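Only one chain is included here, represented as structure tokens and corresponding to the form deposited without the named molecule.
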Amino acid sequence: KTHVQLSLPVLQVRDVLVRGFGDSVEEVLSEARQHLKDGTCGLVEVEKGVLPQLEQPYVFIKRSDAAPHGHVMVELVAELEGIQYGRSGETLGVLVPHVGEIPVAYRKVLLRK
């Protein structure tokens, strides 16, 4: 399938134990896709002072369309030192590994895979 329905656990930034996917744009996008497939991916909602608490490169999920079965269509965009790899709509948040942190919510997304 080109698209996969996922329910992403929304984590508070100060709870997150593993604050990025790796060390290159290519690695963080690879790791993010692997974690999304394995259901081991969390989402941190971006506000003032969130991103400097996380490790670059960042992986964003961004709205790719204006929402089948409740699930917002999103794609992945990486960022490193102010340069983004990908072009998409509004940020729904930043992806991080999930290692058993208790979420505050779930974000239903349809991932272009």
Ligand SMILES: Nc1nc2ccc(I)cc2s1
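All residue numbers refer to positions in the sequence shown, first residue = 1.
There is also a form solved in complex with the named molecule; it is not shown, and the following applies to it.
Chemist: Taking the named molecule as it sits in the entry with it bound, is residue 36 in contact with it (heavy atom to heavy atom, 4.5 Å or less)?
Modeler: Contact check for residue 36: yes, within 4.5 Å of the named molecule in the entry with it bound.
Chemist: I'd like to know if residue 108 sits close to the named molecule in the entry with it bound, meaning any non-hydrogen atom pair within 4.5 angstroms.
Modeler: Heavy-atom contact with the named molecule at 4.5 Å: absent for residue 108.
Chemist: Quick one: which residues from 1-22 get a non-hydrogen atom within 4.5 Å of the named molecule in the entry with it bound?
Modeler: Residues within 4.5 Å: 4, 6.
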